[PDB]
2 protein chains.
Amino acid sequence: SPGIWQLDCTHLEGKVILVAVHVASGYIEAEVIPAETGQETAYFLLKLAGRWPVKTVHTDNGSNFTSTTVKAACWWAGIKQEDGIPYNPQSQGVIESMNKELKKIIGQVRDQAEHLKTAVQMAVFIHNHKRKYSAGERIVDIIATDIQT
Amino acid sequence: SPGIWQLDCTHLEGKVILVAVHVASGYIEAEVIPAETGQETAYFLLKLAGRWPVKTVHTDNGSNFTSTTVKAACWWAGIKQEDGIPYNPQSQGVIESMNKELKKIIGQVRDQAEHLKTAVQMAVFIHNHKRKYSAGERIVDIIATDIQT
Ligand SMILES: CC(C)C[C@H](CNC(=O)CCCCN)Cc1ccc2c(c1C(=O)O)OCO2
Ligand SMILES: CC(C)C[C@H](CNC(=O)CCCCN)Cc1ccc2c(c1C(=O)O)OCO2
Ligand SMILES: [Cl-]
Ligand SMILES: [Cl-]
């Protein structure tokens, strides 16, 4: 549970926003890329896994699941790759709504930055800091508890 | 204390590695850029601050301290910008040695990746996971304790 993340890819301004969500907390990391490739996804996972203890990733589609580069990165980082098929239905609708909510925040900050990538990082900030505890607080508490086990 | 980070810039393969160290834990985040500019530093801080609760940053040099873009990003993200002058001497030598240690790990993984940026992320992974607790475990414990205050 503390180690489970879900990949999510959404589109804005002709570009792609790649998102990783920590399922138990709602905490996100995100980046802008020109298009979703196995190489970009693999690199994104390597960054994620050096920053948080990533045990399991629910991949966002079959092409990334199949990607030899994604597989290599998951092997390297000790990540168990899984399908993002809604084996659990509470995720797929929450993702749709997360994308909507993230895009809403992006629109709210968009005029404060020249580049989309900057607006996306501002939106990540706002998302992770917003008190319901915040997602940032929740992920830390979840993982801290897990270290004592 | 839980919110204090230090910026560090080091060189390898004709490129620049920008590093943020969580002082109390030794946890790092890092990125490769062609050269250190205020714009790159500002963007790096925006990413950092959306991921961890950054209260204070000891900037790595005077040009970044002065940078209007760095100042803007620190204002936006609620970061108190400080000089990285060794007001405390336990940092400057530990940074020199951290750069040496990071470069050592980079050399150990370098042949496993085509691009330097990838090797740097692998090195971040190894650094943050290495059990002394690991830096990754320490930062989480430090921040979790601070949330209860
Ligand atoms: C996850 C890693 C083990 C491999 C993985 C794939 N690279 C190779 O197979 C090339 C090996 C070069 C041998 N000299 C590394 C990697 C992943 C994602 C990337 C990469 C790289 C890379 O630098 O090779 O560049 C940017 O996006
Ligand atoms: C920290 C932010 C408030 C500002 C900050 C500077 N940008 C501006 O002043 C332009 C304002 C555009 C108004 N339409 C945003 C920023 C920081 C660092 C960057 C940036 C940007 C940006 O996208 O403007 O691009 C990549 O590196
Ligand atoms: Cl970690
Ligand atoms: Cl945070």
# chains A, B, ... in the order shown; residues from 1 in each chain; ligands from 1
$ residues_around --residues "residue B:22" --least-positions-apart "2" --cutoff "9 Å" --atoms "only C-alpha atoms" --output "PDB file with N, CA, C and O atoms, in the first residue's frame"
ATOM      1  N   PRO B   2      13.576  20.667   9.678  1.00  0.00           N
ATOM      2  CA  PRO B   2      12.985  19.810   8.644  1.00  0.00           C
ATOM      3  C   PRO B   2      12.804  20.491   7.283  1.00  0.00           C
ATOM      4  O   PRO B   2      12.723  19.796   6.272  1.00  0.00           O
ATOM      5  N   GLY B   3      12.739  21.821   7.262  1.00  0.00           N
ATOM      6  CA  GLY B   3      12.504  22.567   6.027  1.00  0.00           C
ATOM      7  C   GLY B   3      13.729  23.177   5.361  1.00  0.00           C
ATOM      8  O   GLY B   3      13.585  23.943   4.407  1.00  0.00           O
ATOM      9  N   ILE B   4      14.928  22.842   5.841  1.00  0.00           N
ATOM     10  CA  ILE B   4      16.154  23.471   5.345  1.00  0.00           C
ATOM     11  C   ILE B   4      16.852  22.632   4.277  1.00  0.00           C
ATOM     12  O   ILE B   4      17.199  21.472   4.509  1.00  0.00           O
ATOM     13  N   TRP B   5      17.087  23.252   3.118  1.00  0.00           N
ATOM     14  CA  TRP B   5      17.766  22.614   1.996  1.00  0.00           C
ATOM     15  C   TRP B   5      18.943  23.473   1.551  1.00  0.00           C
ATOM     16  O   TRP B   5      18.948  24.679   1.771  1.00  0.00           O
ATOM     17  N   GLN B   6      19.924  22.838   0.921  1.00  0.00           N
ATOM     18  CA  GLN B   6      21.085  23.533   0.390  1.00  0.00           C
ATOM     19  C   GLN B   6      21.265  23.205  -1.082  1.00  0.00           C
ATOM     20  O   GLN B   6      21.227  22.042  -1.465  1.00  0.00           O
ATOM     21  N   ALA B  20      20.025  19.538  -4.850  1.00  0.00           N
ATOM     22  CA  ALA B  20      19.441  20.069  -3.624  1.00  0.00           C
ATOM     23  C   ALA B  20      19.592  19.012  -2.547  1.00  0.00           C
ATOM     24  O   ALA B  20      19.195  17.867  -2.746  1.00  0.00           O
ATOM     25  N   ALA B  24      19.437  18.062   7.070  1.00  0.00           N
ATOM     26  CA  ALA B  24      19.291  17.207   8.250  1.00  0.00           C
ATOM     27  C   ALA B  24      19.358  15.700   7.971  1.00  0.00           C
ATOM     28  O   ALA B  24      19.668  14.919   8.877  1.00  0.00           O
ATOM     29  N   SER B  25      19.056  15.287   6.737  1.00  0.00           N
ATOM     30  CA  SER B  25      18.983  13.870   6.384  1.00  0.00           C
ATOM     31  C   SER B  25      20.052  13.397   5.409  1.00  0.00           C
ATOM     32  O   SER B  25      20.373  12.213   5.380  1.00  0.00           O
ATOM     33  N   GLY B  26      20.575  14.304   4.589  1.00  0.00           N
ATOM     34  CA  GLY B  26      21.461  13.939   3.491  1.00  0.00           C
ATOM     35  C   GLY B  26      20.729  13.487   2.225  1.00  0.00           C
ATOM     36  O   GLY B  26      21.369  13.070   1.258  1.00  0.00           O
ATOM     37  N   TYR B  27      19.401  13.571   2.227  1.00  0.00           N
ATOM     38  CA  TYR B  27      18.592  13.192   1.054  1.00  0.00           C
ATOM     39  C   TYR B  27      18.827  14.206  -0.050  1.00  0.00           C
ATOM     40  O   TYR B  27      18.905  15.395   0.224  1.00  0.00           O
ATOM     41  N   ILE B  28      18.924  13.737  -1.288  1.00  0.00           N
ATOM     42  CA  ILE B  28      19.153  14.634  -2.417  1.00  0.00           C
ATOM     43  C   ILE B  28      18.137  14.499  -3.536  1.00  0.00           C
ATOM     44  O   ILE B  28      17.526  13.440  -3.739  1.00  0.00           O
ATOM     45  N   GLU B  29      17.961  15.605  -4.252  1.00  0.00           N
ATOM     46  CA  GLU B  29      17.367  15.609  -5.570  1.00  0.00           C
ATOM     47  C   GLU B  29      18.385  16.280  -6.486  1.00  0.00           C
ATOM     48  O   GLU B  29      19.152  17.135  -6.038  1.00  0.00           O
ATOM     49  N   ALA B 135      19.012   7.855   3.827  1.00  0.00           N
ATOM     50  CA  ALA B 135      18.620   9.254   3.744  1.00  0.00           C
ATOM     51  C   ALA B 135      17.127   9.385   3.431  1.00  0.00           C
ATOM     52  O   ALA B 135      16.461  10.262   3.963  1.00  0.00           O
ATOM     53  N   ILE B 139      14.677  11.500   5.939  1.00  0.00           N
ATOM     54  CA  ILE B 139      13.876  12.678   5.606  1.00  0.00           C
ATOM     55  C   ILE B 139      12.388  12.462   5.928  1.00  0.00           C
ATOM     56  O   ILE B 139      11.743  13.343   6.466  1.00  0.00           O
TER      57      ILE B 139
END
$ closest_atom_pairs --of "chain B" --to "chain A" --cutoff "8 Å" --atoms "only C-alpha atoms" --output "CSV"
residue,atom,partner,partner_atom,distance
B:29,CA,A:51,CA,7.3
B:43,CA,A:118,CA,6.9
B:46,CA,A:121,CA,6.5
B:47,CA,A:121,CA,5.8
B:49,CA,A:125,CA,6.8
B:50,CA,A:125,CA,3.7
B:51,CA,A:125,CA,7.1
B:52,CA,A:136,CA,7.4
B:77,CA,A:125,CA,8.0
B:118,CA,A:43,CA,6.9
B:121,CA,A:47,CA,5.8
B:122,CA,A:46,CA,7.0
B:124,CA,A:50,CA,5.8
B:125,CA,A:50,CA,3.7
B:126,CA,A:50,CA,7.4
B:128,CA,A:50,CA,6.6
B:129,CA,A:50,CA,7.6
B:136,CA,A:51,CA,7.3
B:137,CA,A:147,CA,7.1
B:140,CA,A:140,CA,5.7
B:141,CA,A:144,CA,5.5
B:143,CA,A:140,CA,7.1
B:144,CA,A:141,CA,5.5
B:147,CA,A:137,CA,7.1
$ select_by_dssp --residues "chain B" --states "alpha helix (DSSP H)" --output "compact mmCIF listing (two decimals) with N, CA, C and O atoms, in the first residue's frame"
# COMPACT_ATOMS: atom_id res chain seq x y z
N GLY B 38 19.75 31.45 -13.68
CA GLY B 38 18.71 31.75 -12.70
C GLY B 38 17.43 31.04 -13.06
O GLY B 38 16.73 30.53 -12.19
N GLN B 39 17.12 31.02 -14.35
CA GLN B 39 15.92 30.36 -14.83
C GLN B 39 15.90 28.86 -14.51
O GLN B 39 14.91 28.36 -13.98
N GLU B 40 16.98 28.16 -14.80
CA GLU B 40 17.06 26.72 -14.47
C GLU B 40 16.95 26.50 -12.95
O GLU B 40 16.25 25.59 -12.51
N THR B 41 17.65 27.32 -12.17
CA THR B 41 17.62 27.19 -10.72
C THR B 41 16.22 27.44 -10.16
O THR B 41 15.76 26.71 -9.29
N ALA B 42 15.56 28.47 -10.68
CA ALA B 42 14.20 28.79 -10.25
C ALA B 42 13.23 27.64 -10.53
O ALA B 42 12.41 27.29 -9.68
N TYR B 43 13.34 27.05 -11.72
CA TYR B 43 12.47 25.94 -12.12
C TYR B 43 12.73 24.73 -11.23
O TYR B 43 11.79 24.08 -10.77
N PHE B 44 14.00 24.44 -10.98
CA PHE B 44 14.40 23.33 -10.09
C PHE B 44 13.80 23.51 -8.68
O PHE B 44 13.31 22.55 -8.08
N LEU B 45 13.81 24.73 -8.17
CA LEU B 45 13.23 25.01 -6.86
C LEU B 45 11.71 24.85 -6.82
O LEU B 45 11.17 24.35 -5.83
N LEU B 46 11.04 25.26 -7.90
CA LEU B 46 9.60 25.05 -8.01
C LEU B 46 9.25 23.56 -7.97
O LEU B 46 8.30 23.18 -7.30
N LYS B 47 10.01 22.73 -8.69
CA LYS B 47 9.81 21.28 -8.64
C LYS B 47 10.03 20.75 -7.23
O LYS B 47 9.20 20.00 -6.70
N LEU B 48 11.14 21.14 -6.62
CA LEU B 48 11.48 20.67 -5.28
C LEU B 48 10.38 20.98 -4.27
O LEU B 48 9.97 20.11 -3.48
N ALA B 49 9.91 22.22 -4.31
CA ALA B 49 9.01 22.74 -3.31
C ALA B 49 7.59 22.13 -3.44
O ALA B 49 6.84 22.14 -2.48
N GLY B 50 7.25 21.59 -4.60
CA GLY B 50 5.96 20.91 -4.78
C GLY B 50 6.01 19.49 -4.26
O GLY B 50 4.97 18.86 -4.06
N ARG B 51 7.22 18.99 -4.03
CA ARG B 51 7.44 17.61 -3.65
C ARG B 51 7.77 17.44 -2.16
O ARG B 51 7.39 16.44 -1.55
N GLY B 62 26.16 33.75 -5.41
CA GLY B 62 25.58 35.08 -5.40
C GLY B 62 24.71 35.42 -6.60
O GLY B 62 23.78 36.21 -6.47
N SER B 63 25.03 34.83 -7.74
CA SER B 63 24.27 35.08 -8.96
C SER B 63 22.85 34.50 -8.82
O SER B 63 21.88 35.17 -9.14
N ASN B 64 22.74 33.27 -8.31
CA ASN B 64 21.43 32.71 -8.01
C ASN B 64 20.69 33.43 -6.89
O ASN B 64 19.47 33.60 -6.96
N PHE B 65 21.41 33.87 -5.86
CA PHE B 65 20.82 34.65 -4.79
C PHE B 65 20.20 35.94 -5.37
O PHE B 65 19.11 36.33 -4.98
N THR B 66 20.90 36.55 -6.32
CA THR B 66 20.48 37.84 -6.88
C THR B 66 19.39 37.71 -7.94
O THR B 66 18.57 38.62 -8.10
N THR B 68 16.50 37.58 -10.35
CA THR B 68 15.11 37.98 -10.17
C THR B 68 14.17 36.78 -10.37
O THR B 68 13.14 36.70 -9.72
N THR B 69 14.53 35.86 -11.27
CA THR B 69 13.71 34.66 -11.48
C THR B 69 13.75 33.73 -10.26
O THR B 69 12.70 33.24 -9.81
N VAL B 70 14.94 33.53 -9.68
CA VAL B 70 15.05 32.76 -8.44
C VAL B 70 14.25 33.41 -7.32
O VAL B 70 13.49 32.74 -6.61
N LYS B 71 14.38 34.72 -7.17
CA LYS B 71 13.60 35.44 -6.17
C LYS B 71 12.10 35.26 -6.39
O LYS B 71 11.36 35.05 -5.41
N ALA B 72 11.65 35.34 -7.65
CA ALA B 72 10.23 35.16 -7.97
C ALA B 72 9.72 33.77 -7.60
O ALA B 72 8.64 33.62 -7.02
N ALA B 73 10.50 32.76 -7.95
CA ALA B 73 10.15 31.39 -7.62
C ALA B 73 10.09 31.17 -6.11
O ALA B 73 9.20 30.49 -5.63
N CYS B 74 11.05 31.73 -5.37
CA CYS B 74 11.04 31.61 -3.92
C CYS B 74 9.83 32.31 -3.29
O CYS B 74 9.20 31.78 -2.38
N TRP B 75 9.51 33.51 -3.77
CA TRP B 75 8.28 34.17 -3.36
C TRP B 75 7.06 33.28 -3.65
O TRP B 75 6.26 33.00 -2.75
N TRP B 76 6.95 32.80 -4.88
CA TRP B 76 5.78 32.01 -5.27
C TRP B 76 5.59 30.79 -4.36
O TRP B 76 4.49 30.53 -3.86
N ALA B 77 6.68 30.06 -4.15
CA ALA B 77 6.66 28.81 -3.39
C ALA B 77 6.74 28.98 -1.87
O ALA B 77 6.71 27.98 -1.15
N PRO B 89 30.16 25.52 9.39
CA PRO B 89 31.27 24.92 8.65
C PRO B 89 31.08 23.43 8.35
O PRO B 89 31.81 22.87 7.53
N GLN B 90 30.11 22.80 9.00
CA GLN B 90 29.86 21.37 8.83
C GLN B 90 29.23 21.05 7.47
O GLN B 90 29.13 19.89 7.10
N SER B 91 28.82 22.09 6.74
CA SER B 91 28.15 21.91 5.46
C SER B 91 29.12 21.93 4.27
O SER B 91 29.09 21.02 3.44
N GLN B 92 29.97 22.96 4.20
CA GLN B 92 30.83 23.19 3.01
C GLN B 92 31.75 22.01 2.66
O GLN B 92 31.96 21.71 1.49
N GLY B 93 32.31 21.36 3.68
CA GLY B 93 33.21 20.22 3.49
C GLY B 93 32.42 18.97 3.17
O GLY B 93 32.86 18.13 2.38
N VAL B 94 31.25 18.84 3.80
CA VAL B 94 30.32 17.74 3.53
C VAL B 94 29.78 17.81 2.09
O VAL B 94 29.48 16.78 1.49
N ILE B 95 29.67 19.03 1.54
CA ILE B 95 29.23 19.23 0.16
C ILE B 95 30.31 18.79 -0.82
O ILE B 95 30.03 18.05 -1.77
N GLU B 96 31.53 19.26 -0.61
CA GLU B 96 32.69 18.83 -1.38
C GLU B 96 32.75 17.30 -1.43
O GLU B 96 32.91 16.71 -2.50
N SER B 97 32.59 16.67 -0.27
CA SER B 97 32.65 15.21 -0.17
C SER B 97 31.41 14.55 -0.79
O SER B 97 31.51 13.48 -1.37
N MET B 98 30.25 15.19 -0.65
CA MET B 98 29.03 14.70 -1.31
C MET B 98 29.19 14.72 -2.83
O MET B 98 28.82 13.76 -3.50
N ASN B 99 29.74 15.81 -3.36
CA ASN B 99 30.02 15.87 -4.80
C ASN B 99 30.97 14.76 -5.23
O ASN B 99 30.75 14.11 -6.25
N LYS B 100 32.02 14.53 -4.44
CA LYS B 100 32.95 13.43 -4.71
C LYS B 100 32.23 12.08 -4.66
O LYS B 100 32.40 11.25 -5.55
N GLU B 101 31.44 11.87 -3.62
CA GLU B 101 30.70 10.62 -3.46
C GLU B 101 29.66 10.42 -4.58
O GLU B 101 29.50 9.32 -5.08
N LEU B 102 28.97 11.49 -4.95
CA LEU B 102 27.99 11.41 -6.03
C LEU B 102 28.68 11.09 -7.35
O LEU B 102 28.21 10.25 -8.12
N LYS B 103 29.82 11.73 -7.60
CA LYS B 103 30.58 11.45 -8.82
C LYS B 103 31.10 10.01 -8.85
O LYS B 103 31.17 9.39 -9.91
N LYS B 104 31.46 9.48 -7.69
CA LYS B 104 31.90 8.09 -7.57
C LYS B 104 30.76 7.15 -7.98
O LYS B 104 30.95 6.25 -8.78
N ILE B 105 29.57 7.39 -7.43
CA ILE B 105 28.41 6.55 -7.77
C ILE B 105 28.08 6.69 -9.26
O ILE B 105 27.81 5.70 -9.94
N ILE B 106 28.11 7.92 -9.77
CA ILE B 106 27.89 8.14 -11.21
C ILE B 106 28.86 7.29 -12.05
O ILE B 106 28.45 6.65 -13.02
N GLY B 107 30.13 7.29 -11.69
CA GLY B 107 31.11 6.46 -12.41
C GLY B 107 30.77 4.97 -12.35
O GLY B 107 30.97 4.25 -13.32
N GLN B 108 30.25 4.52 -11.21
CA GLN B 108 29.87 3.11 -11.02
C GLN B 108 28.67 2.68 -11.87
O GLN B 108 28.58 1.51 -12.24
N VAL B 109 27.76 3.61 -12.18
CA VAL B 109 26.58 3.29 -12.99
C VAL B 109 26.69 3.77 -14.44
O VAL B 109 25.84 3.44 -15.27
N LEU B 116 24.01 11.03 -19.56
CA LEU B 116 24.42 11.43 -18.23
C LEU B 116 23.24 11.64 -17.31
O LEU B 116 23.30 11.28 -16.14
N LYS B 117 22.17 12.25 -17.81
CA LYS B 117 21.02 12.56 -16.95
C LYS B 117 20.48 11.29 -16.31
O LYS B 117 20.11 11.29 -15.13
N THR B 118 20.45 10.21 -17.07
CA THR B 118 19.99 8.92 -16.56
C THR B 118 20.91 8.39 -15.47
O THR B 118 20.44 7.96 -14.42
N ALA B 119 22.22 8.44 -15.71
CA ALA B 119 23.21 8.02 -14.72
C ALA B 119 23.09 8.82 -13.44
O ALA B 119 23.22 8.27 -12.35
N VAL B 120 22.84 10.13 -13.57
CA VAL B 120 22.63 10.97 -12.39
C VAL B 120 21.41 10.49 -11.59
O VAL B 120 21.48 10.41 -10.38
N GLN B 121 20.30 10.16 -12.26
CA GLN B 121 19.11 9.68 -11.53
C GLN B 121 19.35 8.33 -10.84
O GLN B 121 18.86 8.09 -9.74
N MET B 122 20.11 7.46 -11.50
CA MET B 122 20.53 6.21 -10.89
C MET B 122 21.37 6.47 -9.64
O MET B 122 21.20 5.82 -8.61
N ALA B 123 22.27 7.45 -9.72
CA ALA B 123 23.10 7.82 -8.58
C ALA B 123 22.27 8.41 -7.44
O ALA B 123 22.52 8.12 -6.27
N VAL B 124 21.27 9.23 -7.77
CA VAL B 124 20.35 9.76 -6.76
C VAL B 124 19.67 8.58 -6.03
O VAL B 124 19.61 8.55 -4.80
N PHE B 125 19.18 7.63 -6.82
CA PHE B 125 18.54 6.42 -6.28
C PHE B 125 19.45 5.71 -5.28
O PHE B 125 19.06 5.48 -4.13
N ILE B 126 20.66 5.40 -5.71
CA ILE B 126 21.61 4.66 -4.88
C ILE B 126 21.92 5.46 -3.63
O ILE B 126 21.88 4.93 -2.52
N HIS B 127 22.20 6.76 -3.81
CA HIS B 127 22.50 7.63 -2.66
C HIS B 127 21.39 7.62 -1.62
O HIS B 127 21.64 7.44 -0.42
N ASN B 128 20.15 7.81 -2.08
CA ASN B 128 19.02 7.95 -1.18
C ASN B 128 18.60 6.65 -0.49
O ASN B 128 17.99 6.70 0.57
N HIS B 129 18.92 5.51 -1.11
CA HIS B 129 18.55 4.17 -0.62
C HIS B 129 19.62 3.53 0.28
O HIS B 129 19.31 2.58 1.00
N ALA B 135 19.01 7.86 3.83
CA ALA B 135 18.62 9.25 3.74
C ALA B 135 17.13 9.38 3.43
O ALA B 135 16.46 10.26 3.96
N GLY B 136 16.61 8.52 2.56
CA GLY B 136 15.19 8.51 2.21
C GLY B 136 14.31 8.23 3.42
O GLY B 136 13.28 8.88 3.62
N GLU B 137 14.72 7.27 4.23
CA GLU B 137 14.02 6.98 5.47
C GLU B 137 14.11 8.14 6.46
O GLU B 137 13.12 8.49 7.09
N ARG B 138 15.30 8.74 6.57
CA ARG B 138 15.54 9.84 7.51
C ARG B 138 14.71 11.08 7.20
O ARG B 138 14.09 11.66 8.09
N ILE B 139 14.68 11.50 5.94
CA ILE B 139 13.88 12.68 5.61
C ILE B 139 12.39 12.46 5.93
O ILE B 139 11.74 13.34 6.47
N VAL B 140 11.86 11.28 5.62
CA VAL B 140 10.45 10.98 5.88
C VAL B 140 10.15 11.03 7.38
O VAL B 140 9.16 11.63 7.80
N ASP B 141 11.02 10.42 8.18
CA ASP B 141 10.86 10.41 9.64
C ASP B 141 10.93 11.83 10.22
O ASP B 141 10.11 12.20 11.06
N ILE B 142 11.90 12.62 9.75
CA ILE B 142 12.05 14.00 10.19
C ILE B 142 10.80 14.84 9.90
O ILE B 142 10.32 15.56 10.78
N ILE B 143 10.28 14.74 8.69
CA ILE B 143 9.12 15.53 8.29
C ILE B 143 7.83 15.04 8.94
O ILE B 143 6.97 15.85 9.30
N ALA B 144 7.69 13.73 9.10
CA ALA B 144 6.51 13.15 9.77
C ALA B 144 6.42 13.62 11.22
O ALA B 144 5.35 13.99 11.70
N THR B 145 7.56 13.62 11.91
CA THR B 145 7.64 14.14 13.28
C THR B 145 7.24 15.61 13.34
O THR B 145 6.49 16.03 14.23
N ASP B 146 7.71 16.39 12.37
CA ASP B 146 7.41 17.82 12.30
C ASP B 146 5.93 18.14 12.03
O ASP B 146 5.44 19.18 12.46
N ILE B 147 5.23 17.27 11.31
CA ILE B 147 3.80 17.47 11.05
C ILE B 147 3.03 17.44 12.37
O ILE B 147 2.06 18.18 12.55
$ residues_around --residues "residue A:33" --least-positions-apart "3" --cutoff "8 Å" --atoms "only C-alpha atoms" --output "PyMOL selection string"
chain A and resi 15-18+36+40
$ write_last_selection --atoms "N, CA, C and O atoms" --output "PDB file, in the first residue's frame"
ATOM      1  N   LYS A  15       0.636  19.049 -25.948  1.00  0.00           N
ATOM      2  CA  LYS A  15       1.711  18.337 -25.264  1.00  0.00           C
ATOM      3  C   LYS A  15       1.111  17.295 -24.339  1.00  0.00           C
ATOM      4  O   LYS A  15      -0.106  17.226 -24.171  1.00  0.00           O
ATOM      5  N   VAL A  16       1.976  16.486 -23.741  1.00  0.00           N
ATOM      6  CA  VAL A  16       1.562  15.422 -22.856  1.00  0.00           C
ATOM      7  C   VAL A  16       2.039  15.710 -21.434  1.00  0.00           C
ATOM      8  O   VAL A  16       3.183  16.097 -21.230  1.00  0.00           O
ATOM      9  N   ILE A  17       1.151  15.507 -20.469  1.00  0.00           N
ATOM     10  CA  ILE A  17       1.497  15.599 -19.064  1.00  0.00           C
ATOM     11  C   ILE A  17       1.478  14.188 -18.494  1.00  0.00           C
ATOM     12  O   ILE A  17       0.429  13.508 -18.469  1.00  0.00           O
ATOM     13  N   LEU A  18       2.648  13.744 -18.058  1.00  0.00           N
ATOM     14  CA  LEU A  18       2.807  12.445 -17.442  1.00  0.00           C
ATOM     15  C   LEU A  18       2.741  12.602 -15.933  1.00  0.00           C
ATOM     16  O   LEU A  18       3.488  13.401 -15.360  1.00  0.00           O
ATOM     17  N   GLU A  36       4.137  10.620 -25.231  1.00  0.00           N
ATOM     18  CA  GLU A  36       4.440   9.487 -24.369  1.00  0.00           C
ATOM     19  C   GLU A  36       5.196   8.440 -25.175  1.00  0.00           C
ATOM     20  O   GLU A  36       4.676   7.913 -26.159  1.00  0.00           O
ATOM     21  N   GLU A  40      10.648   8.022 -22.362  1.00  0.00           N
ATOM     22  CA  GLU A  40      10.245   9.080 -21.414  1.00  0.00           C
ATOM     23  C   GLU A  40       9.631   8.483 -20.139  1.00  0.00           C
ATOM     24  O   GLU A  40       9.932   8.938 -19.038  1.00  0.00           O
TER      25      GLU A  40
END
$ closest_residue --among "A:115, A:58, A:11, A:110" --to "ligand 2" --atoms "only C-alpha atoms and all ligand atoms"
A:115
$ closest_residue --among "B:7, B:12, B:85, B:32" --to "ligand 1" --atoms "only C-alpha atoms and all ligand atoms"
B:32
$ select_by_dssp --residues "stretch 52-97 of chain B" --states "strand (DSSP E)" --output "ChimeraX atom specification"
/B:56-59,80-83
$ atom_distance --atom1 "atom 10 (C, counted along the ligand's line) of ligand 1" --atom2 "atom CA of residue B:13"
17.7 Å
$ decode --residues "stretch 7-62 of chain B" --atoms "C-alpha atoms" --output "compact mmCIF listing (two decimals), in the first residue's frame"
# COMPACT_ATOMS: atom_id res chain seq x y z
CA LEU B 7 21.75 24.09 -3.31
CA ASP B 8 24.92 22.71 -4.85
CA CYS B 9 26.24 22.89 -8.39
CA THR B 10 28.92 20.53 -9.73
CA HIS B 11 30.36 19.77 -13.18
CA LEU B 12 30.75 16.53 -15.16
CA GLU B 13 31.15 15.72 -18.90
CA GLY B 14 30.99 19.42 -19.83
CA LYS B 15 27.54 19.70 -18.22
CA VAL B 16 26.22 20.93 -14.90
CA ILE B 17 24.61 18.83 -12.17
CA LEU B 18 22.31 20.86 -9.95
CA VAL B 19 21.75 19.28 -6.54
CA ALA B 20 19.44 20.07 -3.62
CA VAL B 21 20.39 18.47 -0.31
CA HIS B 22 18.08 18.14 2.65
CA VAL B 23 20.63 19.15 5.25
CA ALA B 24 19.29 17.21 8.25
CA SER B 25 18.98 13.87 6.38
CA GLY B 26 21.46 13.94 3.49
CA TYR B 27 18.59 13.19 1.05
CA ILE B 28 19.15 14.63 -2.42
CA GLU B 29 17.37 15.61 -5.57
CA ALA B 30 19.40 16.37 -8.70
CA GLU B 31 19.10 17.29 -12.37
CA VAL B 32 21.46 17.80 -15.33
CA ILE B 33 21.38 21.18 -17.14
CA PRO B 34 23.67 22.67 -19.83
CA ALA B 35 24.70 25.49 -17.50
CA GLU B 36 23.57 27.12 -14.26
CA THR B 37 21.18 29.99 -14.99
CA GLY B 38 18.71 31.75 -12.70
CA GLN B 39 15.92 30.36 -14.83
CA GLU B 40 17.06 26.72 -14.47
CA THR B 41 17.62 27.19 -10.72
CA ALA B 42 14.20 28.79 -10.25
CA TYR B 43 12.47 25.94 -12.12
CA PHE B 44 14.40 23.33 -10.09
CA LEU B 45 13.23 25.01 -6.86
CA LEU B 46 9.60 25.05 -8.01
CA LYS B 47 9.81 21.28 -8.64
CA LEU B 48 11.48 20.67 -5.28
CA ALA B 49 9.01 22.74 -3.31
CA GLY B 50 5.96 20.91 -4.78
CA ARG B 51 7.44 17.61 -3.65
CA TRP B 52 8.83 18.43 -0.16
CA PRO B 53 7.94 21.14 2.39
CA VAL B 54 10.77 23.57 1.59
CA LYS B 55 10.99 26.43 4.10
CA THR B 56 14.53 27.68 3.65
CA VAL B 57 17.06 27.32 0.86
CA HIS B 58 20.76 28.11 1.17
CA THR B 59 21.56 29.27 -2.34
CA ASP B 60 24.80 28.03 -3.89
CA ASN B 61 26.19 31.35 -5.11
CA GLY B 62 25.58 35.08 -5.40
